[PDB]
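Keeping their order, the protein sequence lines are chains S and R. Quick note on numbering: the first sequence equals residues 1 to 51 in this note's numbering. Quick note on numbering: the second sequence equals residues 52 to 306 in this note's numbering. Below is one structure; the comments refer to it alone.
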Amino acid sequence: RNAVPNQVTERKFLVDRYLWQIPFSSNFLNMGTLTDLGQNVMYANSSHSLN
Amino acid sequence: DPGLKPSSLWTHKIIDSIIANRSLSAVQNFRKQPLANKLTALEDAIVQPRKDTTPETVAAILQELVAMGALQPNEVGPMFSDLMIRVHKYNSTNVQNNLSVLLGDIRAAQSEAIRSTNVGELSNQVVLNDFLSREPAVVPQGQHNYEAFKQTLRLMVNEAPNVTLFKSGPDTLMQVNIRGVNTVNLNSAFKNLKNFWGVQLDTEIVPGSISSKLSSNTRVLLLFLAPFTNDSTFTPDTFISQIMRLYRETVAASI
Numbered sequence: 001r002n003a004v005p006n007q008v009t010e011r012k013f014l015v016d017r018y019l020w021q022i023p024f025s026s027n028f029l030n031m032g033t034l035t036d037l038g039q040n041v042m043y044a045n046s047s048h049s050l051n
Numbered sequence: 052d053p054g055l056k057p058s059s060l061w062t063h064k065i066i067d068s069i070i071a072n073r074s075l076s077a078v079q080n081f082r083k084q085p086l087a088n089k090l091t092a093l094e095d096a097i098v099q100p101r102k103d104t105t106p107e108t109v110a111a112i113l114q115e116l117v118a119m120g121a122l123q124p125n126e127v128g129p130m131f132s133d134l135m136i137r138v139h140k141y142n143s144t145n146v147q148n149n150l151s152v153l154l155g156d157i158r159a160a161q162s163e164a165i166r167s168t169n170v171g172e173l174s175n176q177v178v179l180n181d182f183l184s185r186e187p188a189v190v191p192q193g194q195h196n197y198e199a200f201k202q203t204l205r206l207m208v209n210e211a212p213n214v215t216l217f218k219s220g221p222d223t224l225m226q227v228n229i230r231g232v233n234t235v236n237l238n239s240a241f242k243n244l245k246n247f248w249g250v251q252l253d254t255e256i257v258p259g260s261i262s263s264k265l266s267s268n269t270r271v272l273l274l275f276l277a278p279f280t281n282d283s284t285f286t287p288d289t290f291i292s293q294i295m296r297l298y299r300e301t302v303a304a305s306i
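Take a look at the structure:
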């Protein structure tokens, strides 16, 4: 009955024992071990960089 | 072979089966492949990988000495690695000719056993007894039509005038002189006839959906075996025993 007004709420989460995986495929699911975007780096000596 | 030979060499052979000898089935498999499986067959057109045939030639004559009963089968374990360690050391042209002349006497010894005994007359049975080997030999819902179907199939191999009965890589075909659709795949006809042995013609809301699952492959096999059977054959009032007296009387009447 005596609760204070203006109660701002705020959230968080905890993820333990887990690596944030980012798959390298067209849709982000698993159709194969050798992915579909991973196969299209062969053509004309196919050198890529990234940051 | 012992065997030292791999099977299904399609990554080396699919590209000269399209260019040379123009196979339509090799094109349909090649378009289906992913891009990584496709690029590992385009280099083998350009450069072909050279394989050393020395350990396959040395192991060919160790199996002959087992076949002649010269040495026990537990001895080609240690004696093979004792003969390969000698030809790795003393490798020369005089040694590589000694392997080929000994290998040329293996094939010439067994080709004399083919022409003298005339087992080429029984070349149909050898391909056919190899086909009835890896089969389960015990089917569910069947087993009297299934045993009798093999005996009438072995009867057709011996009694029909000209049946070639060759085989491709995975399966076994069968070619008779009726022009057009000569060939019958015996392997995919036994997967269609896997369930249709002990089927009895009782549960049909509509006639059909039992005789319609018979594909055009296995229906021609039931047409070729129809004259060479009897009524003292497949157990009565079943589905396969009434096909074989329907297809028999559409051949014995169409003369």
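Cβ atoms here follow ideal geometry from the backbone N, Cα and C, with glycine treated the same way.
* For the candidate residues R:104, R:206 and R:278, whose alpha-carbon lies nearest to that of residue 55 of chain R? -> As a first step, residue 55 of chain R must be located in the second sequence, where it is residue number 4. Comparing Cα-Cα distances from residue 55 of chain R to each of R:104, R:206 and R:278, the minimum goes to R:104.
* Please confirm whether residue 160 of chain R and residue 285 of chain R have their CB atoms less than 8 Å apart. => Translated into positions along the second sequence, residue 160 of chain R becomes position 109. Translated into positions along the second sequence, residue 285 of chain R becomes position 234. Cβ distance not < 8 Å, so residue 160 of chain R and residue 285 of chain R don't count as in contact.
* Interface residues of chain R around residue 40 of chain S at Cβ under 8 Å? -> By 1-based counting over the first sequence, the position of residue 40 of chain S is 40. Per Cβ cutoff of 8 Å: 86.
* Check whether the Cβ of residue 93 of chain R lies closer than 8 Å to any Cβ atom in chain S. => For the purposes of this step, residue 93 of chain R is identified with residue 42 of the second sequence, where counting begins at 1. Not one chain S Cβ lies under 8 Å of residue 93 of chain R.
* Three or more C-beta pairs closer than 8 Å, one from the stretch 242-253 of chain R and one from the stretch 217-225 of chain R: is that the case here? -> no
* Cutoff 8 Å; reference residue 245 of chain R; Cβ partners in own chain excluding five residues on either side -> Here residue 245 of chain R is taken as the residue at index 194 of the second sequence, counted from 1. So the list reads 190, once near-sequence residues are dropped.
* To do: For residue 151 of chain R, I'd like the list of residues in its chain whose CB is within less than 7 Å of its CB, leaving aside the five on either flank, ordered along the chain.
  => The residue labelled residue 151 of chain R in the question sits at position 100 within the second sequence. Correct list: empty, nothing qualifies.
* residue 218 of chain R in three-state terms, based on DSSP -> Sequence index remark: in the second sequence, residue 218 of chain R carries index 167 (1-based). It is a strand residue.
* Asked: Taking the alpha carbon of residue 291 of chain R as the point to measure from, which residue in R:116, R:302, R:306 and R:265 has its own alpha carbon closest?
  -> Here residue 291 of chain R is taken as the residue at index 240 of the second sequence, counted from 1. Comparing Cα-Cα distances from residue 291 of chain R to each of R:116, R:302, R:306 and R:265, the minimum goes to R:265.
* Chain-ordered neighbours of residue 34 of chain S on chain R, where CB pairs are closer than 7 Å -> Numbered from its first residue, the first sequence carries residue 34 of chain S at position 34. Simply 87.
* Just the chain S side, please: which residues come within less than 7 Å of residue 216 of chain R by C-beta, in chain order? => Translated into positions along the second sequence, residue 216 of chain R becomes position 165. The contacting residues do not exist; residue 216 of chain R stays about 40 Å from chain S at best.
* Helix, strand or coil at residue 223 of chain R according to DSSP, with G and I counted as helix -> As a position in the second sequence, residue 223 of chain R is number 172, starting the count at 1. DSSP places residue 223 of chain R in strand when its eight states are reduced to three.
* To do: Scan the stretch 179-214 of chain R and note each continuous alpha helix (DSSP H) run of 4 residues or more that stays entirely inside, going in chain order.
  => 196-210
* Asked: Whose C-beta lies closer than 7 Å to the C-beta of residue 41 of chain S among residues of the same chain, with five residues either side of it excluded?
  -> Translated into the one-based positions of the first sequence, residue 41 of chain S becomes position 41. 48.
* Specify the secondary structure class of residue 104 of chain R as computed by DSSP and reduced to three states. => Residue numbering aside, residue 104 of chain R sits at position 53 when the second sequence is read from its first letter. The three-state secondary structure of residue 104 of chain R, taken from DSSP, is coil.
* Asked: Which word fits residue 216 of chain R, buried or exposed, when buried means at least 16 other C-beta atoms lie within 10 angstroms of its C-beta?
  -> As a position in the second sequence, residue 216 of chain R is number 165, starting the count at 1. Classification of residue 216 of chain R: buried, given that the 10 Å Cβ count is 16 or more.
* Verify the CB distance criterion: does residue 90 of chain R have a CB-CB separation below 8 Å to chain S? => Here residue 90 of chain R refers to the residue found at position 39 when the second sequence is read from its first residue. True, the Cβ-Cβ gap to chain S drops below 8 Å.
* What residues match up with residue 234 of chain R in a beta bridge as DSSP calls it? -> Counting from 1 along the second sequence, the entry for residue 234 of chain R is found at position 183. Looking at the DSSP assignment, residue 234 of chain R forms a beta bridge with R:226.
* Among R:84, R:92 and R:204, which residue has its Cα nearest to the Cα of residue 178 of chain R? -> Within the second sequence, residue 178 of chain R is the residue found at index 127, counting from 1. Ranking the options by Cα distance to residue 178 of chain R, first place goes to R:204.
* Asked: Where does residue 122 of chain R sit, in a helix, a strand or coil, going by DSSP?
  -> In the second sequence, counting from the first residue as 1, residue 122 of chain R sits at position 71. Residue 122 of chain R falls in the coil class under three-state DSSP.
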